[PDB]
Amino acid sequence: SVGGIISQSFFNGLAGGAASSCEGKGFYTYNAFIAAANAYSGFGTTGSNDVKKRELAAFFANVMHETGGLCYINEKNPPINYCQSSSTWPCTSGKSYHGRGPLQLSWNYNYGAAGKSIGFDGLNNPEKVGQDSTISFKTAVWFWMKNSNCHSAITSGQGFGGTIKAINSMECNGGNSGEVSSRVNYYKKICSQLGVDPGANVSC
């Protein structure tokens, strides 16, 4: 029922600010988002209308931050391949697990697990996250629901700030106040566009 809260018009509003030269423009699509949202039971369909609106606002605020406003698919000039040697999620030689997609999925161990959930080979074909729109959004909803405390935070009174803590706790408590402010600014704007109060515990 996410499409009832986030319309095509609302999504185009978010995606439309990206410069035409952004790789994300026309890659990050409403069709892909709605397909991804519906794939994970409870995502933006938990709680009252205000709770659902705040969860979706929280998801999009973090997505807007991570992608520079739905501009970037790929992490810029990644310094490493993001391989942590593992017997469970072995790195494929020659592949990079740099950030890709709406929440910048990174590291072999995360790609492996995402691929297992979504139905692609995360270790051998991490590039799919930057090539298939629906897979790309599914990695973000998967991370939100299954690989982090983001969903639990936003549905247990921890507010938007709890989602920041769930995603990159190093930013909180003065770690990087500019990064927190970036995420918060997006959250407040999106809440305003959805006509929902941002709630408590907005920052961290």
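One-based numbering along the sequence shown.
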Do the C-alpha atoms of 102-110 or of 79-87 have the higher average B factor in the entry? 79-87
Mean C-alpha temperature factor, higher of 159-167 and 172-180: 172-180
Pull the Cα B-factor of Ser9 out of the PDB entry and bin it into the chain's lowest, middle or highest third. lowest
Pull the Cα B-factor of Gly94 out of the PDB entry and bin it into the chain's lowest, middle or highest third. highest
In terms of its chain's C-alpha B-factors, the third that includes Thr45 is the middle
